[PDB]
Amino acid sequence: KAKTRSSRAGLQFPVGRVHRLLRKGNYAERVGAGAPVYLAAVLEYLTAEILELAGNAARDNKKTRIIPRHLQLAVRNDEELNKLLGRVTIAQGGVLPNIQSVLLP
Amino acid sequence: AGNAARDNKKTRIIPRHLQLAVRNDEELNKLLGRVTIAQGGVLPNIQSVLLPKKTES
Amino acid sequence: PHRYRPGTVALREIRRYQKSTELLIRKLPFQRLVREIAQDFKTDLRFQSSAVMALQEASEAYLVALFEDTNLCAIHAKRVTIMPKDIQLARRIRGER
Amino acid sequence: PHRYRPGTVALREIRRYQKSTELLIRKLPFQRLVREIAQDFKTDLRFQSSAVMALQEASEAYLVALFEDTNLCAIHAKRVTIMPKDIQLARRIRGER
Amino acid sequence: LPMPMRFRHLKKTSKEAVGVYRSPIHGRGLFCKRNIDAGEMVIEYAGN
Amino acid sequence: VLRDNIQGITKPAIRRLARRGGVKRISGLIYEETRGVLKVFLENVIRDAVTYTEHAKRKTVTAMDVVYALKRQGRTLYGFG
Amino acid sequence: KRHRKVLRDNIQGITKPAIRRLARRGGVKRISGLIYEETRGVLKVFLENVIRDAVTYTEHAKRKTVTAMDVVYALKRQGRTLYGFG
Amino acid sequence: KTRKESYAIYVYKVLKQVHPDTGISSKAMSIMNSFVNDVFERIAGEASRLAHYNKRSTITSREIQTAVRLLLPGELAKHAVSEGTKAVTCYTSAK
Amino acid sequence: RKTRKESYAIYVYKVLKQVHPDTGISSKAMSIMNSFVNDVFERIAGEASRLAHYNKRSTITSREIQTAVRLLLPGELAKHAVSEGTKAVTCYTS
DNA sequence: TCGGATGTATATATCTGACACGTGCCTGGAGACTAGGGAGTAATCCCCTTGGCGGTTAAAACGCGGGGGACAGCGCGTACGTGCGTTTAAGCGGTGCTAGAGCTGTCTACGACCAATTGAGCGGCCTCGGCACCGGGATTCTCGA
DNA sequence: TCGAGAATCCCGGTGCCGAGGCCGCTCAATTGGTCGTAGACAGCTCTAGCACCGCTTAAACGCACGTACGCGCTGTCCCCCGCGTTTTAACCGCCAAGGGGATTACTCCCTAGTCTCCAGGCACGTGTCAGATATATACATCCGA
């Protein structure tokens with residue numbers, strides 16, 4: 001008789017912690033009853049997206065444990081994640097390899 | 001706003017005076033950084049090289 | 001046979017347009033533009049008028065700021081005539097692209 | 001008697017520095033800089049270390065973005081050598097001044 | 001800018017603009033300290 | 001259905017905005033690039049305006065929706081609503 | 001007394017392979033000789049506009065140490081969001 | 001002698017279910033922790049300003065959906081909207 | 001008969017006639033000043049609420065409003081508005 | 001076109017110290033109930049938006065003719081990389097000590113909460129002066145000699 | 001060094017419609033109480049930060065020095081700009097018809113809140129392998145003759 005709402009919806013991120021963060025956060029007077037579920041789904045999807053583009057760079061550069069340089073490249077190589085994370089300095093980041101084409105000899 | 005409204009010889013205040021009163025000042029322009037006043041206009045500004053000069057005689 | 005040296009009409013129009021404030025683009029072609037590109041997101045909307053005026057003010061201010069930064073670029077390249085690589089440089093530097 | 005044609009060492013250092021990530025400014029002169037300009041707002045503070053590292057990361061990223069937009073300006077003016085009127089143009093266009 | 005706003009500007013900044021000091025020409029003279037662009041107002045020559 | 005209205009922005013009107021910008025002399029490609037930039041900006045505003053209008057169930061885009069979208073953009077228009 | 005805080009340098013402490021090194025992380029081929037002073041000026045301006053808000057939160061919290069969260073909060077206000085210290 | 005609101009075990013489990021044979025370091029875990037907190041704050045705050053604009057006093061699924069459609073860019077927005085609607089329907093049907 | 005709406009028109013009228021005797025105002029200028037005061041109120045209340053969440057307190061005192069004004073306003077204008085606020089509160093107490 | 005002469009990914013042996021994993025335990029997250037209050041839904045009316053038709057004309061469109069800036073070509077020496085040698089401050093271990101950050105009871109006084117009261121503040125409706133327009137003289141630069 | 005000339009700012013008449021103000025009339029601000037817990041405070045740890053120390057060494061600075069390209073100069077040319085003549089749709093002013101948006105009234109059922117109970121996450125103690133580091137080593141590639 002202990003079915004957590006993560007099981008009852010099928011997701012992985014919790015919904016009780018999201019419900020407590022909504023009621024404590026003073027964002028509005030009445031938290032709904034499906035809104036923290038929906039938001040747990042959205043957070044699970046974006047985490048899955050960034051880790052999916054991380055793992056490709058991880059296997060391409062032969063390591064097996066993801067580092068912030070892999071995260072920097074996994075974010076900055078994409079077209080629309082670069083517009084999402086508009087200006088974010090990621091620690092240990094580095095930049096994309098790019099040389100202007102009017103300086104090659 | 002009132003100083004500019006007198007100094008253009010008008011009674012009331014129309015928003016052109018507000019645009020001039022903010023953008024002439026230094027700190028209020030930094031406060032109203034990304035702000036467009038409606039019907040505002042800009043400061044009169046012409047660059048230094050777009051206007052001719054004379055040498056001979 | 002009386003004609004000006006070229007550039008005089010340009011500078012006096014610059015002062016003549018900076019000494020005034022009004023709507024500068026003719027309003028009905030801009031309204032038809034706004035409705036035509038609003039077609040693509042939800043069919044058969046119904047605008048007010050003040051929303052159209054707000055769009056015209058926002059677009060007018062954005063174009064004026066863009067042209068002044070373009071003119072700074074073109075004066076920096078030891079030229080006078082604006083060419084569109086200046087505009088593309090300005091929108092590349094500002095961060096909108 | 002063996003010396004390179006000039007510019008080769010420049011391009012290979014560009015690739016050599018873009019293929020790595022680390023702290024690039026030596027840490028104790030930057031820490032003394034931060035404490036010395038923090039003197040003027042409240043006397044005798046007490047920093048942690050991670051706050052200093054966060055400041056070094058923010059300043060490093062800001063300088064790198066500034067130099068890349070400067071280099072775009074200097075290539076736009078049909079030059080190669082960066083001169084400080086480019087930097088002042090970039091901070092004039094971006095909106096920080 | 002129009003005229004009376006710059007007249008206000010004049011009454012503001014004419015104190016900090018200029019200065020009277022010992023000339024080598026003849027006795028004293030009016031110096032200049034702020035770098036003036038060609039066209040602005042400097043001071044009002046006012047008295048009785 | 002409509003057509004051709006991006007050419008409704010004329011040749012002198014772009015020249016008039018250039019003169020208010022304080023610009024001496026224009027080339028012949030600025031017209032094309034300007035229509036491009038203006039169409040991009042209008043799409044990026046009208047998307048969020050129509051999103052607010054669909055959320056509040058109405059079929060009308062008032063001035064307050066445009067001002068909310070411009071507040072999100074970072075331009076903050078005054079003088080309406 | 002007891003406090004020895006007579007400091008005049010440390011704008012020169014950002015030395016001069018260092019700005020060259022940042023420029024060649026940026027992809028820059030050939031640099032003039034006034035870039036050094038101009039870069040030191042811009043760096044001083046930016047670090048002032050962050051340390052001011054950092055010390056303000058530190059005072060308002062009624063403490064004496066500027067923890068990392070306060071720096072993250074100052075940079076969050078500025079628009080340059082920073083990840084990886086909370 | 002305290003507690004702490006970390007998301008480490010959750011990103012662990014998602015990483016297991018997206019790549020069967022890799023792990024993740026500490027600093028990358030902290031970056032993902034701050035990333036999820038930041039995305040949560042932006043979406044919740046946009047939703048709350050919607051609730052205040054529309055003179056109503058309850059955040060629901062429809063307001064979270066409109067915060068998602070405003071904040072995210074296009075293709076990723078359609079993906080996240082479909083994921084959320086699937087999760088809500090599978091929550092409430094077998095409720 | 002319409003539903004009563006908020007506005008700050010009368011108070012701008014009063015401050016305008018206290019600082020200029022015979023200088024009126026238009027309509028559009030009144031809407032601009034209304035939206036201006038709404039903007040400054042939203043920014044300062046947002047900063048104070050975020051401070052209150054950071055410090056693990058739950059109450060907006062005056063201290064957070066002073067801190068928010070000192071953060072958000074640039075320099076000398078802040079050093080005058082702090083004095084205006086403190087003088088008004090101390091004249092309110094006694 | 002080649003030789004040489006550089007630095008550059010590349011196969012392997014060893015460590016470590018940071019990361020994967022039991023465990024217990026607890027405190028916050030599932031189960032039940034209860035009221036009441038925010039929100040769904042019908043109806044309306046009346047406000048506003050959209051559409052259409054003729055009239056004037058301000059303004060866009062479009063050739064003409066040209067001369068002034070954009071651009072290509074060329075010469076130099078000032079200024080900046082490249083390398084080599086010659087100092088120094090930056091890391092880096094251990095130590096200590098200690099000011100201060102953080103944590104536990106304890107007790108108020110200050111803000112929530114609710115009942116009854118009126119005057120500050122918004123809506124509708126006048127009135128009238130600043131501003132808009134018309135028209136003419138003084139002025140003030142420009143451009144061919 | 002001039003003078004034709006074409007806008008242009010300064011100045012005062014005629015008209016009108018946005019703005020300031022005044023009465024009426026609500027409904028939210030004000031006053032007067034209770035009552036609880038959020039917070040101010042005294043005290044009590046114990047842990048990171050700052051200062052100190054020697055030692056080692058990558059790194060920074062000075063100095064030649066060759067060189068290449070930013071800058072200056074000249075030519076040429078073509079395309080953008082003033083302008084005269086010609087259409088045309090922008091606008092205004094209007095009537096007209098109907099979609100939809102605030103608005104109120106009314107059930108209603110979804111959630112704030114309370115009480116009970118118990119396992120999911122977390123702090124903590126484990127061992128142990130992913131990639132760093134070291135060492136040769138074929139191999140890409142820059143530059144003169």
# chains A, B, ... in the order shown; residues from 1 in each chain; ligands from 1
$ select_by_dssp --residues "chain A" --states "strand (DSSP E or B)" --output "ChimeraX atom specification"
/A:30-31,65-66,88-90
$ residues_around --residues "residue B:51" --least-positions-apart "3" --cutoff "9 Å" --atoms "only C-alpha atoms (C1' of nucleotides)" --output "number ranges by chain"
B: 46-48; C: 7-8, 11
$ interface_residues --of "chain G" --to "chain I" --cutoff "7 Å" --atoms "only C-alpha atoms" --output "VMD selection string"
chain G and resid 53 60 to 61
$ closest_atom_pairs --of "chain K" --to "chain D" --cutoff "9 Å" --atoms "only C-alpha atoms (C1' of nucleotides)" --output "JSON lines"
{"residue": "K:48", "atom": "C1'", "partner": "D:48", "partner_atom": "CA", "distance": 8.9}
{"residue": "K:49", "atom": "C1'", "partner": "D:48", "partner_atom": "CA", "distance": 7.5}
{"residue": "K:50", "atom": "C1'", "partner": "D:46", "partner_atom": "CA", "distance": 9.0}
{"residue": "K:67", "atom": "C1'", "partner": "D:6", "partner_atom": "CA", "distance": 8.7}
{"residue": "K:70", "atom": "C1'", "partner": "D:79", "partner_atom": "CA", "distance": 7.9}
{"residue": "K:142", "atom": "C1'", "partner": "D:4", "partner_atom": "CA", "distance": 8.0}
{"residue": "K:143", "atom": "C1'", "partner": "D:4", "partner_atom": "CA", "distance": 7.9}
$ residues_around --residues "residue K:62" --least-positions-apart "6" --cutoff "12 Å" --atoms "only C-alpha atoms (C1' of nucleotides)" --output "PyMOL selection string"
chain J and resi 84-87
$ interface_residues --of "chain A" --to "chain K" --cutoff "10 Å" --atoms "only C-alpha atoms (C1' of nucleotides)" --output "PDB file with N, CA, C and O atoms, in the first residue's frame"
ATOM      1  N   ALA A   2       2.059   1.160  -0.548  1.00  0.00           N
ATOM      2  CA  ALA A   2       2.948   2.311  -0.691  1.00  0.00           C
ATOM      3  C   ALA A   2       3.349   2.382  -2.157  1.00  0.00           C
ATOM      4  O   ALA A   2       4.408   1.895  -2.555  1.00  0.00           O
ATOM      5  N   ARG A  30      -2.284  28.066  -4.741  1.00  0.00           N
ATOM      6  CA  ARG A  30      -2.722  26.681  -4.851  1.00  0.00           C
ATOM      7  C   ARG A  30      -1.937  25.957  -5.929  1.00  0.00           C
ATOM      8  O   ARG A  30      -2.119  26.217  -7.121  1.00  0.00           O
ATOM      9  N   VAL A  31      -1.087  25.030  -5.511  1.00  0.00           N
ATOM     10  CA  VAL A  31      -0.494  24.091  -6.442  1.00  0.00           C
ATOM     11  C   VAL A  31      -1.570  23.132  -6.925  1.00  0.00           C
ATOM     12  O   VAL A  31      -2.403  22.669  -6.139  1.00  0.00           O
ATOM     13  N   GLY A  32      -1.568  22.824  -8.217  1.00  0.00           N
ATOM     14  CA  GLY A  32      -2.466  21.818  -8.741  1.00  0.00           C
ATOM     15  C   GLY A  32      -2.076  20.409  -8.306  1.00  0.00           C
ATOM     16  O   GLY A  32      -1.217  20.189  -7.451  1.00  0.00           O
ATOM     17  N   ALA A  33      -2.733  19.429  -8.923  1.00  0.00           N
ATOM     18  CA  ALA A  33      -2.449  18.034  -8.620  1.00  0.00           C
ATOM     19  C   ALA A  33      -1.835  17.268  -9.778  1.00  0.00           C
ATOM     20  O   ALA A  33      -1.404  16.129  -9.578  1.00  0.00           O
ATOM     21  N   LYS A  63      36.722   8.016 -23.970  1.00  0.00           N
ATOM     22  CA  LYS A  63      36.552   7.872 -22.536  1.00  0.00           C
ATOM     23  C   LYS A  63      35.218   7.194 -22.238  1.00  0.00           C
ATOM     24  O   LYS A  63      34.373   7.015 -23.115  1.00  0.00           O
ATOM     25  N   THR A  64      35.035   6.791 -20.984  1.00  0.00           N
ATOM     26  CA  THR A  64      33.792   6.152 -20.577  1.00  0.00           C
ATOM     27  C   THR A  64      33.119   6.848 -19.405  1.00  0.00           C
ATOM     28  O   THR A  64      32.180   6.288 -18.830  1.00  0.00           O
ATOM     29  N   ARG A  65      33.565   8.039 -19.022  1.00  0.00           N
ATOM     30  CA  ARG A  65      32.945   8.741 -17.907  1.00  0.00           C
ATOM     31  C   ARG A  65      32.924  10.221 -18.239  1.00  0.00           C
ATOM     32  O   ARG A  65      33.975  10.811 -18.495  1.00  0.00           O
TER      33      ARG A  65
END
$ closest_atom_pairs --of "chain K" --to "chain I" --cutoff "9 Å" --atoms "only C-alpha atoms (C1' of nucleotides)" --output "Markdown table"
| residue | atom | partner | partner_atom | distance |
| --- | --- | --- | --- | --- |
| K:18 | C1' | I:26 | CA | 8.7 |
| K:19 | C1' | I:26 | CA | 7.8 |
| K:38 | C1' | I:58 | CA | 8.5 |
$ write_last_selection --atoms "N, CA and C atoms (P, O5', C5', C4', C3', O3' and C1' of nucleotides)" --output "PDB file, in the first residue's frame"
ATOM      1  P    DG K  18      -9.300  66.092 -29.198  1.00  0.00           P
ATOM      2  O5'  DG K  18      -8.730  65.690 -27.763  1.00  0.00           O
ATOM      3  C5'  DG K  18      -7.338  65.514 -27.587  1.00  0.00           C
ATOM      4  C4'  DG K  18      -6.802  66.360 -26.442  1.00  0.00           C
ATOM      5  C3'  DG K  18      -6.757  65.677 -25.095  1.00  0.00           C
ATOM      6  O3'  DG K  18      -5.712  66.245 -24.352  1.00  0.00           O
ATOM      7  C1'  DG K  18      -8.265  67.479 -24.980  1.00  0.00           C
ATOM      8  P    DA K  19      -5.028  65.448 -23.144  1.00  0.00           P
ATOM      9  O5'  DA K  19      -5.011  66.533 -21.980  1.00  0.00           O
ATOM     10  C5'  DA K  19      -5.711  67.745 -22.173  1.00  0.00           C
ATOM     11  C4'  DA K  19      -5.546  68.683 -21.000  1.00  0.00           C
ATOM     12  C3'  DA K  19      -5.396  68.020 -19.659  1.00  0.00           C
ATOM     13  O3'  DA K  19      -5.038  69.008 -18.719  1.00  0.00           O
ATOM     14  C1'  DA K  19      -7.611  68.744 -19.954  1.00  0.00           C
ATOM     15  P    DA K  38       6.448  29.903  12.649  1.00  0.00           P
ATOM     16  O5'  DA K  38       7.291  31.133  12.075  1.00  0.00           O
ATOM     17  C5'  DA K  38       6.693  32.421  12.028  1.00  0.00           C
ATOM     18  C4'  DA K  38       7.708  33.550  12.174  1.00  0.00           C
ATOM     19  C3'  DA K  38       9.111  33.286  11.672  1.00  0.00           C
ATOM     20  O3'  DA K  38       9.618  34.498  11.144  1.00  0.00           O
ATOM     21  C1'  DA K  38       9.148  33.639  14.039  1.00  0.00           C
TER      22       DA K  38
END
$ residues_around --residues "stretch 62-69 of chain F" --least-positions-apart "5" --cutoff "12 Å" --atoms "only C-alpha atoms (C1' of nucleotides)" --output "JSON, numbers by chain"
{"B": [35, 36, 38], "C": [45, 46, 47, 48, 49, 50, 51, 52, 53, 54, 55, 56, 57, 58], "F": [42, 43, 44, 45, 46, 47, 48, 49, 50, 51, 52, 53, 54, 55, 56, 74, 75, 76, 77, 78, 79, 80, 81], "H": [46, 49, 50, 53, 54, 70, 71], "I": [35], "K": [101]}
$ interface_residues --of "chain H" --to "chain J" --cutoff "12 Å" --atoms "only C-alpha atoms (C1' of nucleotides)" --output "VMD selection string"
chain H and resid 1 to 3 12 22 to 27 55 to 58
$ select_by_dssp --residues "chain E" --states "alpha helix (DSSP H)" --output "list in words"
residues 3, 4, 5, 6, 7, 8, 9, 10, 11, 12, 13, 14, 15, 16 and 17 of chain E
$ write_last_selection --atoms "N, CA, C and O atoms" --output "PDB file, in the first residue's frame"
ATOM      1  N   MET E   3      17.838  76.025 -28.350  1.00  0.00           N
ATOM      2  CA  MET E   3      18.601  77.106 -27.737  1.00  0.00           C
ATOM      3  C   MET E   3      18.534  77.171 -26.203  1.00  0.00           C
ATOM      4  O   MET E   3      19.603  77.197 -25.573  1.00  0.00           O
ATOM      5  N   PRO E   4      17.361  77.216 -25.541  1.00  0.00           N
ATOM      6  CA  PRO E   4      17.388  77.487 -24.094  1.00  0.00           C
ATOM      7  C   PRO E   4      17.891  76.327 -23.249  1.00  0.00           C
ATOM      8  O   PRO E   4      18.375  76.570 -22.136  1.00  0.00           O
ATOM      9  N   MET E   5      17.796  75.084 -23.735  1.00  0.00           N
ATOM     10  CA  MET E   5      18.396  73.961 -23.020  1.00  0.00           C
ATOM     11  C   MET E   5      19.902  74.114 -22.949  1.00  0.00           C
ATOM     12  O   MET E   5      20.517  73.888 -21.901  1.00  0.00           O
ATOM     13  N   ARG E   6      20.508  74.521 -24.055  1.00  0.00           N
ATOM     14  CA  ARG E   6      21.929  74.787 -24.032  1.00  0.00           C
ATOM     15  C   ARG E   6      22.243  76.045 -23.249  1.00  0.00           C
ATOM     16  O   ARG E   6      23.349  76.163 -22.728  1.00  0.00           O
ATOM     17  N   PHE E   7      21.291  76.971 -23.124  1.00  0.00           N
ATOM     18  CA  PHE E   7      21.503  78.111 -22.235  1.00  0.00           C
ATOM     19  C   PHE E   7      21.557  77.669 -20.774  1.00  0.00           C
ATOM     20  O   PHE E   7      22.362  78.185 -19.981  1.00  0.00           O
ATOM     21  N   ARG E   8      20.720  76.695 -20.417  1.00  0.00           N
ATOM     22  CA  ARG E   8      20.788  76.076 -19.096  1.00  0.00           C
ATOM     23  C   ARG E   8      22.114  75.357 -18.892  1.00  0.00           C
ATOM     24  O   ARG E   8      22.741  75.476 -17.831  1.00  0.00           O
ATOM     25  N   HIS E   9      22.533  74.591 -19.904  1.00  0.00           N
ATOM     26  CA  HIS E   9      23.847  73.949 -19.938  1.00  0.00           C
ATOM     27  C   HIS E   9      24.976  74.957 -19.739  1.00  0.00           C
ATOM     28  O   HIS E   9      25.965  74.677 -19.049  1.00  0.00           O
ATOM     29  N   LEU E  10      24.820  76.143 -20.327  1.00  0.00           N
ATOM     30  CA  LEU E  10      25.805  77.211 -20.233  1.00  0.00           C
ATOM     31  C   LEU E  10      25.938  77.709 -18.810  1.00  0.00           C
ATOM     32  O   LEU E  10      27.049  77.772 -18.260  1.00  0.00           O
ATOM     33  N   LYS E  11      24.801  78.052 -18.203  1.00  0.00           N
ATOM     34  CA  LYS E  11      24.793  78.515 -16.819  1.00  0.00           C
ATOM     35  C   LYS E  11      25.281  77.438 -15.860  1.00  0.00           C
ATOM     36  O   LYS E  11      25.823  77.752 -14.794  1.00  0.00           O
ATOM     37  N   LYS E  12      25.108  76.168 -16.225  1.00  0.00           N
ATOM     38  CA  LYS E  12      25.695  75.082 -15.451  1.00  0.00           C
ATOM     39  C   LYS E  12      27.217  75.096 -15.529  1.00  0.00           C
ATOM     40  O   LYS E  12      27.904  75.259 -14.514  1.00  0.00           O
ATOM     41  N   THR E  13      27.761  74.938 -16.734  1.00  0.00           N
ATOM     42  CA  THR E  13      29.129  74.468 -16.903  1.00  0.00           C
ATOM     43  C   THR E  13      30.141  75.562 -17.224  1.00  0.00           C
ATOM     44  O   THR E  13      31.330  75.250 -17.389  1.00  0.00           O
ATOM     45  N   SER E  14      29.721  76.830 -17.300  1.00  0.00           N
ATOM     46  CA  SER E  14      30.689  77.885 -17.569  1.00  0.00           C
ATOM     47  C   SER E  14      31.664  78.103 -16.418  1.00  0.00           C
ATOM     48  O   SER E  14      32.736  78.670 -16.638  1.00  0.00           O
ATOM     49  N   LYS E  15      31.324  77.669 -15.202  1.00  0.00           N
ATOM     50  CA  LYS E  15      32.264  77.781 -14.093  1.00  0.00           C
ATOM     51  C   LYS E  15      33.390  76.772 -14.232  1.00  0.00           C
ATOM     52  O   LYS E  15      34.562  77.099 -14.025  1.00  0.00           O
ATOM     53  N   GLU E  16      33.049  75.532 -14.564  1.00  0.00           N
ATOM     54  CA  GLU E  16      34.050  74.483 -14.652  1.00  0.00           C
ATOM     55  C   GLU E  16      34.790  74.481 -15.978  1.00  0.00           C
ATOM     56  O   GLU E  16      35.824  73.813 -16.084  1.00  0.00           O
ATOM     57  N   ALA E  17      34.288  75.194 -16.989  1.00  0.00           N
ATOM     58  CA  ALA E  17      34.959  75.187 -18.286  1.00  0.00           C
ATOM     59  C   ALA E  17      36.254  75.993 -18.255  1.00  0.00           C
ATOM     60  O   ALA E  17      37.328  75.468 -18.569  1.00  0.00           O
TER      61      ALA E  17
END
$ interface_residues --of "chain A" --to "chain I" --cutoff "12 Å" --atoms "only C-alpha atoms" --output "VMD selection string"
chain A and resid 24 to 27
$ write_last_selection --atoms "N, CA and C atoms" --output "compact mmCIF listing (two decimals), in the first residue's frame"
# COMPACT_ATOMS: atom_id res chain seq x y z
N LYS A 24 6.53 25.18 -0.98
CA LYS A 24 7.45 25.99 -0.19
C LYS A 24 7.90 27.23 -0.95
N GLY A 25 7.96 27.15 -2.27
CA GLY A 25 8.60 28.19 -3.06
C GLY A 25 7.82 29.48 -3.18
N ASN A 26 6.56 29.52 -2.71
CA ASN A 26 5.68 30.69 -2.77
C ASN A 26 5.49 31.19 -4.20
N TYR A 27 5.31 30.26 -5.12
CA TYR A 27 5.11 30.67 -6.50
C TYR A 27 3.67 31.05 -6.75
$ interface_residues --of "chain D" --to "chain B" --cutoff "12 Å" --atoms "only C-alpha atoms" --output "NGL selection string"
:D and (95-97)
$ residues_around --residues "residue J:140" --least-positions-apart "3" --cutoff "12 Å" --atoms "only C-alpha atoms (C1' of nucleotides)" --output "PDB file with N, CA, C and O atoms (P, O5', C5', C4', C3', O3' and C1' of nucleotides), in the first residue's frame"
ATOM      1  P    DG K   5      17.709  84.505 -59.413  1.00  0.00           P
ATOM      2  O5'  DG K   5      17.505  83.371 -58.307  1.00  0.00           O
ATOM      3  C5'  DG K   5      18.554  82.444 -58.031  1.00  0.00           C
ATOM      4  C4'  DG K   5      18.255  81.647 -56.774  1.00  0.00           C
ATOM      5  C3'  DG K   5      16.851  81.849 -56.205  1.00  0.00           C
ATOM      6  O3'  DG K   5      16.362  80.619 -55.711  1.00  0.00           O
ATOM      7  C1'  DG K   5      18.411  82.246 -54.546  1.00  0.00           C
ATOM      8  P    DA K   6      15.386  79.709 -56.602  1.00  0.00           P
ATOM      9  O5'  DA K   6      15.144  78.417 -55.692  1.00  0.00           O
ATOM     10  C5'  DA K   6      16.259  77.702 -55.167  1.00  0.00           C
ATOM     11  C4'  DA K   6      16.087  77.406 -53.683  1.00  0.00           C
ATOM     12  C3'  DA K   6      14.647  77.365 -53.177  1.00  0.00           C
ATOM     13  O3'  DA K   6      14.531  76.351 -52.216  1.00  0.00           O
ATOM     14  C1'  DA K   6      15.859  78.892 -51.902  1.00  0.00           C
ATOM     15  P    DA K   7      13.687  75.028 -52.530  1.00  0.00           P
ATOM     16  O5'  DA K   7      13.443  74.396 -51.085  1.00  0.00           O
ATOM     17  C5'  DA K   7      12.994  75.224 -50.027  1.00  0.00           C
ATOM     18  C4'  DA K   7      14.051  75.344 -48.948  1.00  0.00           C
ATOM     19  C3'  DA K   7      13.515  75.276 -47.523  1.00  0.00           C
ATOM     20  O3'  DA K   7      14.499  74.685 -46.676  1.00  0.00           O
ATOM     21  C1'  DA K   7      14.537  77.348 -47.834  1.00  0.00           C
ATOM     22  P    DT K   8      14.361  74.696 -45.070  1.00  0.00           P
ATOM     23  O5'  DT K   8      15.190  75.992 -44.642  1.00  0.00           O
ATOM     24  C5'  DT K   8      15.945  75.988 -43.441  1.00  0.00           C
ATOM     25  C4'  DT K   8      15.423  77.031 -42.477  1.00  0.00           C
ATOM     26  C3'  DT K   8      14.115  76.661 -41.776  1.00  0.00           C
ATOM     27  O3'  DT K   8      14.132  77.184 -40.468  1.00  0.00           O
ATOM     28  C1'  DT K   8      13.859  78.685 -42.807  1.00  0.00           C
ATOM     29  P    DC K   9      14.499  76.248 -39.221  1.00  0.00           P
ATOM     30  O5'  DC K   9      14.456  77.253 -37.979  1.00  0.00           O
ATOM     31  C5'  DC K   9      15.424  78.285 -37.878  1.00  0.00           C
ATOM     32  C4'  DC K   9      14.786  79.622 -37.548  1.00  0.00           C
ATOM     33  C3'  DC K   9      13.763  79.606 -36.418  1.00  0.00           C
ATOM     34  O3'  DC K   9      13.944  80.764 -35.631  1.00  0.00           O
ATOM     35  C1'  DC K   9      12.823  80.614 -38.286  1.00  0.00           C
TER      36       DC K   9
END
$ residues_around --residues "residue H:60" --least-positions-apart "2" --cutoff "7 Å" --atoms "only C-alpha atoms (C1' of nucleotides)" --output "PDB file with N, CA and C atoms, in the first residue's frame"
ATOM      1  N   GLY A  32      -1.568  22.824  -8.217  1.00  0.00           N
ATOM      2  CA  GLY A  32      -2.466  21.818  -8.741  1.00  0.00           C
ATOM      3  C   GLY A  32      -2.076  20.409  -8.306  1.00  0.00           C
ATOM      4  N   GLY A  34      -1.786  17.849 -10.971  1.00  0.00           N
ATOM      5  CA  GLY A  34      -1.148  17.201 -12.099  1.00  0.00           C
ATOM      6  C   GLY A  34       0.055  17.967 -12.609  1.00  0.00           C
ATOM      7  N   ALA A  35       0.102  19.255 -12.270  1.00  0.00           N
ATOM      8  CA  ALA A  35       1.230  20.099 -12.652  1.00  0.00           C
ATOM      9  C   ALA A  35       2.597  19.616 -12.164  1.00  0.00           C
TER      10      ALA A  35
ATOM     11  N   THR H  58      -4.316  29.357  -9.255  1.00  0.00           N
ATOM     12  CA  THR H  58      -3.896  27.960  -9.222  1.00  0.00           C
ATOM     13  C   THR H  58      -3.033  27.645 -10.434  1.00  0.00           C
ATOM     14  N   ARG H  62      -2.193  23.080 -17.589  1.00  0.00           N
ATOM     15  CA  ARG H  62      -2.278  23.939 -18.761  1.00  0.00           C
ATOM     16  C   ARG H  62      -1.321  25.123 -18.647  1.00  0.00           C
ATOM     17  N   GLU H  63      -1.153  25.673 -17.443  1.00  0.00           N
ATOM     18  CA  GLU H  63      -0.190  26.759 -17.292  1.00  0.00           C
ATOM     19  C   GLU H  63       1.243  26.260 -17.392  1.00  0.00           C
ATOM     20  N   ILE H  64       1.532  25.051 -16.900  1.00  0.00           N
ATOM     21  CA  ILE H  64       2.886  24.532 -17.082  1.00  0.00           C
ATOM     22  C   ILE H  64       3.159  24.263 -18.556  1.00  0.00           C
TER      23      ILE H  64
END
$ residues_around --residues "residue I:28" --least-positions-apart "4" --cutoff "8 Å" --atoms "only C-alpha atoms (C1' of nucleotides)" --output "ChimeraX atom specification"
/B:14-15 /F:79 /I:32
$ interface_residues --of "chain K" --to "chain G" --cutoff "10 Å" --atoms "only C-alpha atoms (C1' of nucleotides)" --output "list in words"
residues 49, 59, 60 and 61 of chain K
$ decode --residues "stretch 76-82 of chain G" --atoms "C-alpha atoms" --output "mmCIF file, in the first residue's frame"
data_model
loop_
_atom_site.group_PDB
_atom_site.id
_atom_site.type_symbol
_atom_site.label_atom_id
_atom_site.label_comp_id
_atom_site.auth_asym_id
_atom_site.auth_seq_id
_atom_site.Cartn_x
_atom_site.Cartn_y
_atom_site.Cartn_z
ATOM 1 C CA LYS G 76 22.905 35.592 -12.078
ATOM 2 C CA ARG G 77 21.771 39.174 -11.735
ATOM 3 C CA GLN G 78 24.249 40.371 -14.346
ATOM 4 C CA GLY G 79 22.995 37.932 -16.982
ATOM 5 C CA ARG G 80 26.127 35.785 -17.144
ATOM 6 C CA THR G 81 24.723 32.699 -15.471
ATOM 7 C CA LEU G 82 27.293 30.336 -13.991
#
